[PDB]
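Presented below is the structure to which this report refers.
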Amino acid sequence: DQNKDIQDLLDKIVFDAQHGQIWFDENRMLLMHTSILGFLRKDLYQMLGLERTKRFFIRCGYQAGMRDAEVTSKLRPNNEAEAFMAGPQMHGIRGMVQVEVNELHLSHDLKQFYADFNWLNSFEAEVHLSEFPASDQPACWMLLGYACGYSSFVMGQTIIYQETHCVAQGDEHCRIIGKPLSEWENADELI
Ligand SMILES: [Zn+2]
């Protein structure tokens, strides 16, 4: 009853437990424990360092955002904010993070984009904290890649995000800012 805003997205998720399959449109899905994703973050950090582990998780999220954007861009093809929010809503549906809008300005025709989102109940921040104490830098790398991947697909241009605040840093919740690559001064992203 409460899912009026995401009913089009929920209808494309098919659970087939008797045959061991979960489908999101043409994509096959898994239901995995968040605690298991700490192990990957764990071993990768000890083996690769920080920036190499972060670059990996960002690339993973970036591909998932494109995957989701390929499906959601059919359900809502229209320069509309309510159409763009399919991504933030998919993030919530898949149990990864709750997006809360502070400000969203966008337009596909003008190639403009400004996003100021809060991230509540971040799975990645909890996963990061269960393996490491509070960090010096924000930790929601997979979520940030998904924001960049999904936004860049539906906007038709490179959209880069930065996590200004993070639970894993000691802040109360996470927060991100999204802008096109040209509007960032440090627009040399190695990922
Ligand atoms: Zn965070």
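Following the order of the structure tokens, chains are lettered A, B, ..., residues in each are numbered from 1, and ligands are numbered from 1.
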
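Near ligand 1, at distances of 8 Å or less and with only C-alpha atoms and all ligand atoms counted, sit the residues residues 119, 122, 124, 125, 138, 139, 140, 141, 163, 165, 166, 167, 168, 169, 173, 174 and 175 of chain A.
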
Could you take the residues named above and write them with N, CA, C and O atoms, as a PDB file, in the first residue's frame?
ATOM      1  N   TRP A 119      22.476  10.110   2.604  1.00  0.00           N
ATOM      2  CA  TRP A 119      22.452   8.652   2.570  1.00  0.00           C
ATOM      3  C   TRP A 119      22.186   8.155   3.985  1.00  0.00           C
ATOM      4  O   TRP A 119      23.047   8.276   4.864  1.00  0.00           O
ATOM      5  N   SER A 122      23.206   3.462   5.446  1.00  0.00           N
ATOM      6  CA  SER A 122      24.137   2.926   4.461  1.00  0.00           C
ATOM      7  C   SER A 122      24.639   1.553   4.886  1.00  0.00           C
ATOM      8  O   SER A 122      25.212   1.403   5.970  1.00  0.00           O
ATOM      9  N   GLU A 124      27.080   0.015   3.422  1.00  0.00           N
ATOM     10  CA  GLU A 124      28.530  -0.016   3.275  1.00  0.00           C
ATOM     11  C   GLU A 124      29.219   0.610   4.478  1.00  0.00           C
ATOM     12  O   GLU A 124      30.285   0.148   4.901  1.00  0.00           O
ATOM     13  N   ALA A 125      28.626   1.664   5.040  1.00  0.00           N
ATOM     14  CA  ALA A 125      29.184   2.264   6.245  1.00  0.00           C
ATOM     15  C   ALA A 125      29.145   1.284   7.410  1.00  0.00           C
ATOM     16  O   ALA A 125      30.126   1.150   8.151  1.00  0.00           O
ATOM     17  N   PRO A 138      35.738   9.063   3.871  1.00  0.00           N
ATOM     18  CA  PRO A 138      34.460   8.369   3.665  1.00  0.00           C
ATOM     19  C   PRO A 138      34.665   7.003   3.027  1.00  0.00           C
ATOM     20  O   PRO A 138      35.630   6.772   2.293  1.00  0.00           O
ATOM     21  N   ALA A 139      33.735   6.091   3.314  1.00  0.00           N
ATOM     22  CA  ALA A 139      33.933   4.680   3.027  1.00  0.00           C
ATOM     23  C   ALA A 139      32.922   4.068   2.069  1.00  0.00           C
ATOM     24  O   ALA A 139      33.117   2.919   1.657  1.00  0.00           O
ATOM     25  N   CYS A 140      31.859   4.782   1.697  1.00  0.00           N
ATOM     26  CA  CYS A 140      30.792   4.201   0.879  1.00  0.00           C
ATOM     27  C   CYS A 140      31.180   4.254  -0.602  1.00  0.00           C
ATOM     28  O   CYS A 140      30.605   4.980  -1.415  1.00  0.00           O
ATOM     29  N   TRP A 141      32.176   3.434  -0.949  1.00  0.00           N
ATOM     30  CA  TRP A 141      32.736   3.460  -2.299  1.00  0.00           C
ATOM     31  C   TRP A 141      31.819   2.786  -3.314  1.00  0.00           C
ATOM     32  O   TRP A 141      31.633   3.303  -4.421  1.00  0.00           O
ATOM     33  N   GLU A 163      31.388  11.912  -1.649  1.00  0.00           N
ATOM     34  CA  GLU A 163      30.763  11.724  -0.340  1.00  0.00           C
ATOM     35  C   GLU A 163      31.370  12.729   0.631  1.00  0.00           C
ATOM     36  O   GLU A 163      32.501  12.561   1.091  1.00  0.00           O
ATOM     37  N   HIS A 165      30.105  13.595   3.695  1.00  0.00           N
ATOM     38  CA  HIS A 165      29.988  13.080   5.051  1.00  0.00           C
ATOM     39  C   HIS A 165      29.713  11.586   4.994  1.00  0.00           C
ATOM     40  O   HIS A 165      29.115  11.091   4.036  1.00  0.00           O
ATOM     41  N   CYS A 166      30.149  10.868   6.029  1.00  0.00           N
ATOM     42  CA  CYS A 166      29.989   9.421   6.065  1.00  0.00           C
ATOM     43  C   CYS A 166      29.896   8.940   7.506  1.00  0.00           C
ATOM     44  O   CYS A 166      30.651   9.394   8.370  1.00  0.00           O
ATOM     45  N   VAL A 167      28.965   8.012   7.750  1.00  0.00           N
ATOM     46  CA  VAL A 167      28.846   7.383   9.064  1.00  0.00           C
ATOM     47  C   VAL A 167      30.174   6.767   9.485  1.00  0.00           C
ATOM     48  O   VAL A 167      30.574   6.852  10.653  1.00  0.00           O
ATOM     49  N   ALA A 168      30.885   6.146   8.541  1.00  0.00           N
ATOM     50  CA  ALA A 168      32.171   5.531   8.841  1.00  0.00           C
ATOM     51  C   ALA A 168      33.248   6.549   9.185  1.00  0.00           C
ATOM     52  O   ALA A 168      34.335   6.150   9.617  1.00  0.00           O
ATOM     53  N   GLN A 169      32.980   7.841   8.998  1.00  0.00           N
ATOM     54  CA  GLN A 169      33.886   8.902   9.416  1.00  0.00           C
ATOM     55  C   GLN A 169      33.541   9.473  10.782  1.00  0.00           C
ATOM     56  O   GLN A 169      34.317  10.272  11.316  1.00  0.00           O
ATOM     57  N   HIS A 173      25.102  10.818   9.529  1.00  0.00           N
ATOM     58  CA  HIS A 173      24.719  10.045   8.358  1.00  0.00           C
ATOM     59  C   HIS A 173      25.632  10.434   7.203  1.00  0.00           C
ATOM     60  O   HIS A 173      26.501  11.302   7.335  1.00  0.00           O
ATOM     61  N   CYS A 174      25.439   9.775   6.066  1.00  0.00           N
ATOM     62  CA  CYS A 174      26.239  10.048   4.885  1.00  0.00           C
ATOM     63  C   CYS A 174      25.550  11.082   3.999  1.00  0.00           C
ATOM     64  O   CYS A 174      24.330  11.256   4.032  1.00  0.00           O
ATOM     65  N   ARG A 175      26.359  11.774   3.201  1.00  0.00           N
ATOM     66  CA  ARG A 175      25.867  12.820   2.317  1.00  0.00           C
ATOM     67  C   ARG A 175      26.773  12.890   1.100  1.00  0.00           C
ATOM     68  O   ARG A 175      27.990  12.720   1.216  1.00  0.00           O
TER      69      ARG A 175
END

Within 12 Å of range 110-115 of chain A, counting only C-alpha atoms, which residues qualify if same-chain residues fewer than 2 places away don't, as a ChimeraX atom specification? /A:79-81,84-85,88,99-108,117-118,147-148,151-152,154-163,175-184

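Proximity to residue 70 in chain A at 12 Å, evaluated using only C-alpha atoms and with sequence-adjacent residues fewer than 2 positions away removed, yields residues 24, 25, 26, 27, 63, 64, 65, 66, 67, 68, 72, 73, 74, 75, 76, 77, 86, 87, 149, 150, 151, 152, 153 and 154 of chain A.
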
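What separates CA of residue 11 in chain A from CA of residue 146 in chain A is a distance of 21.7 Å.
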
When DSSP works through the backbone of this structure, what residues of chain A end up as strand (DSSP E), shown as number ranges by chain? A: 13-16, 21-24, 27-29, 98-107, 112-120, 159-165, 174-180

Can you pull out every residue within 9 Å of residue 30 in chain A, counting only C-alpha atoms, but drop anything in the same chain fewer than 4 positions away, and send it as an MDAnalysis selection string? chainID A and resid 21:23

Same residues, N, CA, C and O atoms, saved as an mmCIF file, in the first residue's frame:
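Saved result, out-v4.cif, follows:
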data_model
loop_
_atom_site.group_PDB
_atom_site.id
_atom_site.type_symbol
_atom_site.label_atom_id
_atom_site.label_comp_id
_atom_site.auth_asym_id
_atom_site.auth_seq_id
_atom_site.Cartn_x
_atom_site.Cartn_y
_atom_site.Cartn_z
ATOM 1 N N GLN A 21 16.154 -18.804 -8.332
ATOM 2 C CA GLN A 21 16.435 -17.649 -9.173
ATOM 3 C C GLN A 21 15.665 -16.436 -8.674
ATOM 4 O O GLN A 21 14.516 -16.553 -8.241
ATOM 5 N N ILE A 22 16.309 -15.274 -8.737
ATOM 6 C CA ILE A 22 15.661 -13.986 -8.523
ATOM 7 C C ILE A 22 15.972 -13.117 -9.732
ATOM 8 O O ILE A 22 17.129 -13.032 -10.156
ATOM 9 N N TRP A 23 14.948 -12.473 -10.284
ATOM 10 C CA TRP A 23 15.087 -11.695 -11.507
ATOM 11 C C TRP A 23 14.667 -10.253 -11.272
ATOM 12 O O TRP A 23 13.622 -9.996 -10.666
#

Go ahead and compute the interatomic distance for CA of residue 171 in chain A and CA of residue 35 in chain A, in Å to one decimal.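 CA of residue 171 in chain A sits 21.6 Å away from CA of residue 35 in chain A.
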
Quick one: DSSP alpha helix (DSSP H) residues in range 5-182 of chain A, as a PyMOL selection string? chain A and resi 7-10+34-48+50-75+81-84+86-93+123-131+141-155

Considering only C-alpha atoms, return as a list in words whatever protein or nucleic-acid residues lie within 10 Å of range 36-40 of chain A, sequence-local ones (same chain, fewer than 2 positions apart) excluded. residues 32, 33, 34, 42, 43, 44, 45, 53, 57, 123, 124, 126, 127, 128, 129, 130, 131 and 132 of chain A
